[PDB]
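What follows is one structure encoded as structure tokens, with my remarks underneath.
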Amino acid sequence: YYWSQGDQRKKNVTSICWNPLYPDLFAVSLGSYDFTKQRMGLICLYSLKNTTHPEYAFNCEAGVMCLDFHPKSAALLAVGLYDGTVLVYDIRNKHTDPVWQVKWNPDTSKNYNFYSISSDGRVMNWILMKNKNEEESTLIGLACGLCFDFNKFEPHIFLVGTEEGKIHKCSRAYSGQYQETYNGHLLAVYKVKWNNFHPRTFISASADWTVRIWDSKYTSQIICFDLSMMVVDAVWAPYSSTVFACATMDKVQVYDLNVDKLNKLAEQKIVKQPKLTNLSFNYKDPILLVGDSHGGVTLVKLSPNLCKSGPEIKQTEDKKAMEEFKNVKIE
Amino acid sequence: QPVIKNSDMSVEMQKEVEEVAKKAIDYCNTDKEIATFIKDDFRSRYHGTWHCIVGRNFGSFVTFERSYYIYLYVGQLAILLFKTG
Amino acid sequence: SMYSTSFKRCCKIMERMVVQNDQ
Amino acid sequence: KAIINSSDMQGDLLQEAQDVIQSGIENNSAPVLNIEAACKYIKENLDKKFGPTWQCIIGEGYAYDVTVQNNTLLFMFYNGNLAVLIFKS
Amino acid sequence: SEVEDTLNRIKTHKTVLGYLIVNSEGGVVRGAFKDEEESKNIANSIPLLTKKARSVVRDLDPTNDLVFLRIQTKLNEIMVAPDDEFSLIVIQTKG
Amino acid sequence: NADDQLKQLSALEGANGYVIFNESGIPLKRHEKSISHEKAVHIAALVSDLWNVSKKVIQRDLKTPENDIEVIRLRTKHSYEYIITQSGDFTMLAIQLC
Amino acid sequence: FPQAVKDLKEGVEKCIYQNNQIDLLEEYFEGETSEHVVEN
């Protein structure tokens, strides 16, 4: 039980992430409302076996968000500043618009590209070997939405849900090459992910509490599924099961579509502290880690729901075909 | 459990060897201290010069006085006591 | 040099001097 | 492969001591050899050669504590891992 | 300076009861103990057992050195960090 | 408390040589001599003397007397793990993988 | 010939299993192998 309260008693967890280079390493970001404390902005690092408090941190009075790590291995750290700028730090070392999203594009030959979606929608991208990083390199793409999801197999293509109620798609060759919109349910979508399995399946979730299986091969979505709290964070589970999860108000609603229908498979309120914030599952153990709106951290383990091990694994492509069948049924 | 392997003394002096060895085992954990215990004990009770080696993988060739020699195993320690001078 | 080498030793010393047995 | 570790005696007797421990190795050079027979040989040879009250000891891990006459003590090591002590008393 | 930083962080580490920073000798530079003679017998004889420990860990072969000696007992926790010049021991609660 | 559990114990993965030895210093069963018989003899004798020294210290001036050794498990990382578990008559040792 | 000796030997099974578990838990120490990343 590692319930971290380093300072963050008056902070609010904005993001939680894990490290592939160190599978036992996790980095969290929070935003503070009380300035009468240690410092401003947040990036905290710690391992699973290390002391509850964050082992390593970065100290400054700079509010920092849009955090991501070097793609090959944890050697460089990138952050998208609140004023549209971008900063990069050597890990092996001691604008009228904010940036919304950030991503590394791994080019193994050299440094790895940087893409930042701003709060207006427009996308920027660049990379430079000198990391003291100079934003002089830059490219701009005419982008309308805020959270841009990229195509796992073909990283140049991307999509987004816009406030106008559509879901735009395009790619890196031209920002205007392919400017149609996904219209599965045609709602103001603010979240997108991709099924981390065989297909080119992605998901997009709207302000109207609607979740949408964008199969890249289709213009009409597969399973127009539907549930309160779909504005907020969604995720594909790091299991063979295509498990879905939404989480607000110290409450998580969980879907295991691999064993049951689109009704919620589990739901859990948490009394540790109110208003759960960002979460993290690791593939290794079901020690699920979560933050709270009070800035604290916690974790629990429910191993019986780990895996079903027969239907999730090779029947999952059949399950996606079955979802397309459910579309033919909708028709 | 003393195990005499080659002794020269009379049965009484041998019994004294094993008794002093048992006492040294009861009191001192280090072989040097055990050997000094035994050597000083015999040099004091008798008179002259005794020498005691305590080991586990050990061979030697020494001269010694007549009926003044023992090579034995007390527990699992090799005790070689003798008198020269 | 001795202070810095002792420092390098003491770094990992503290590192796995915090990690104790847990459930 | 003689590796002398601690010397106290004269270099001639050094050389003869090395030769004698070598000859003992050849007298007992087989997996059935015992260090005790070579020890007998070393001590008896150094007796009949340089006088009595010699003492030969062979092993690799042990702890001795002995009294020795000056210029009559040697301890040494072998690439074959044979630590050999000899001394007169 | 790093000796200062590490002593400081050990002090910050709650559940510690008696700190014990010695040199390679039996000299307690600083100790959070109620009585010093107790720490004296330890900071003297424990280096003896540490010499025995380095002896045996090399008796295996010169492949590793004694990096730590961290023991946990029912009552407390004796952390020992062998250091080039120093040795960083602390009596903690075994939490 | 039987040969069945003992075989299970041998089946414990990661362990290389088990050495149970009576406090007299007699390795009764083993799985280290199964690789080299000259290892467990040296180890048993040396570690029995070590445990005697440990008794001295567990009875010297800070550790209250009448407190006995319970378990002395040591580990030389990248070399091996070596648990010592004292008994009234026995001593369970194991050389596992660290 | 003493079979009760072997039974007393088997009696060590509980402590030996607990110690096997403790060894599995304390298998590997913390590794912080030296590495250098572009050192610029």
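Read-outs throughout are calculated quantities, based only on the coordinates presented, and are distinct from any laboratory measurement. Positions of Cβ are generated from backbone atoms using ideal geometry, with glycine treated the same way; all protein chains shown enter the neighbour counts.
Comparing Cα centroids, segment D:1-76 and segment E:1-34 end up 51 angstrom apart.
Taking 11 Å as the cut-off, the amide N atoms of segment F:56-82 that come nearer than this to a point 7 Å along the Cα-to-beta-carbon line of F:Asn16 belong to F:76-82.
Remark: segment B:42-57, residue by residue, has Karplus-estimated 3J(HN,Hα) of 6, 4, 7, 5, 8, 9, x, 9, 10, 9, 10, 10, 10, x, 9, 9 Hz, where x stands for each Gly or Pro and the curve is 6.51 cos²θ - 1.76 cosθ + 1.60 at θ = phi - 60°. Taking a straight line from the alpha carbon of A:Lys11, these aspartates and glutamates sit under 13 Å away, with near neighbours fewer than eight places off in the same chain left out: A:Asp34, A:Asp292.
Give me the Debye-computed log₁₀ of I(q)/I(0) at q = 0.11, 0.15 Å⁻¹ for chain D, equal point scatterers on Cα only, no solvent, two decimals. Each listed q corresponds, in turn, to -0.26, -0.50.
At a 10 angstrom cut-off on C-beta neighbours, averaged per residue, how do the peptides E:52-61, A:146-155, A:302-311 rank from highest to lowest? Walk me through the numbers on the way to the answer.
Values: E:52-61: 13.4, A:146-155: 16.9, A:302-311: 11.7.
Going from most to least packed, we get A:146-155, E:52-61, A:302-311.
Averaged across the residues of E:2-14, what count of C-beta atoms belonging to other chains lies within 10 Å of each residue's C-beta? Walk me through the numbers on the way to the answer.
Values: counts 9, 4, 0, 4, 7, 1, 0, 3, 3, 0, 1, 4, 0.
That average works out to 3.
Could you tell me how far the Cα centroid of segment A:36-107 sits from the Cα centroid of segment A:179-235, in Å? Cα centroid of segment A:179-235 versus Cα centroid of segment A:36-107: 29 Å apart.
What does the charge count around E:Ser24 come to, taking other residues whose C-beta lies under 13 Å from its C-beta (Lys +1, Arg +1, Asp -1, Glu -1)?
Numbers: positive: C:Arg9, E:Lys51, E:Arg54; negative: E:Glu25, E:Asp83, E:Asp84, E:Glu85.
Summing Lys and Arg as +1 and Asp and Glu as -1 gives -1.
Structure remark: mean-square fluctuation, Gaussian network model of chain E, C-alpha springs under 10 Å; the largest value among E:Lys40, E:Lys51, E:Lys74 belongs to E:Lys74.
Within 10 Å of the Cβ of each residue in E:49-57, the mean number of Cβ atoms contributed by other protein chains is 2. Database remark: amide H of D:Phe77 closer than 5 angstrom to the amide H of D:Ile3, D:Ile4, D:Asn5, D:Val84 (H placed geometrically; neighbours at sequence offset of 5 or more, or on other chains; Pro and chain starts carry no H).
Here the Debye sum runs over all C-alpha atoms of segment A:238-331 as equal scatterers in vacuum, and log10 of I(q)/I(0) at q = 0.25 Å⁻¹ comes out as -1.31. With the simple model of a label 7 Å out from the Cα in the direction of the Cβ, A:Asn183 to G:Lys6 spans 8.4 nm. Checking every one of the GluC sites (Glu not before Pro) in segment E:1-76 against DSSP loop status and a limit of 12 other Cβ atoms within 10 Å picks out E:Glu25.
Restricting the GluC sites (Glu not before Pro) of chain D to loop positions (DSSP other than H, G, I, E, B) with no more than 15 neighbouring Cβ atoms within 10 Å leaves D:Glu60. Here D:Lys49 is the anchor, and the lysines within straight C-alpha reach of less than 27 Å, apart from those fewer than 8 places off in the same chain, are B:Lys83, D:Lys1, D:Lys40, D:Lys88.
Karplus-based coupling profile of segment F:90-98, in residue order and whole Hz: 9, 8, 8, 10, 9, 9, 9, 8, 6, with θ = phi - 60° in 6.51 cos²θ - 1.76 cosθ + 1.60 and x standing for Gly or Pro. Rounded to the nearest Hz, the phi-derived 3J(HN,Hα) couplings of segment E:17-34 under the Karplus curve 6.51 cos²θ - 1.76 cosθ + 1.60 (θ = phi - 60°) are 10, x, 6, 7, 9, 10, 8, 4, 8, x, x, 6, 5, 9, x, 8, 10, 6, where x marks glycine and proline.
Counting only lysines at least 8 places from A:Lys284 when in the same chain, those with an alpha carbon closer than 16 Å to its own are A:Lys49, A:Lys301, A:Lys308. Near D:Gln55: Cβ cut-off under 11 Å, other residues only, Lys/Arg at +1 and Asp/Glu at -1. The net charge is +1. Amide hydrogen proximity for B:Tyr69: with H placed 1.01 Å from N in the peptide plane, the residues at 5 or more positions away or on another chain lying under 5 Å are B:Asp8, B:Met9.
For A:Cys66, the residues 5 or more places off, or on other chains, whose built amide H falls under 5 Å of its own are A:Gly80.
Computed from the alpha carbon positions, the gyration tensor of the protein assembly as shown leads to an equivalent ellipsoid with semi-axes of 72, 28, 26 Å, biggest first.
Restricting chain G to GluC sites (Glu not before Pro) that sit in a DSSP loop and have at most 10 other Cβ atoms within 10 Å of their own Cβ leaves G:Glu32, G:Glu35, G:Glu39.
A:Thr96 sits among other residues whose Cβ lies under 13 Å from its own Cβ, and their net charge, with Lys and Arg +1 and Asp and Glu -1, is -2.
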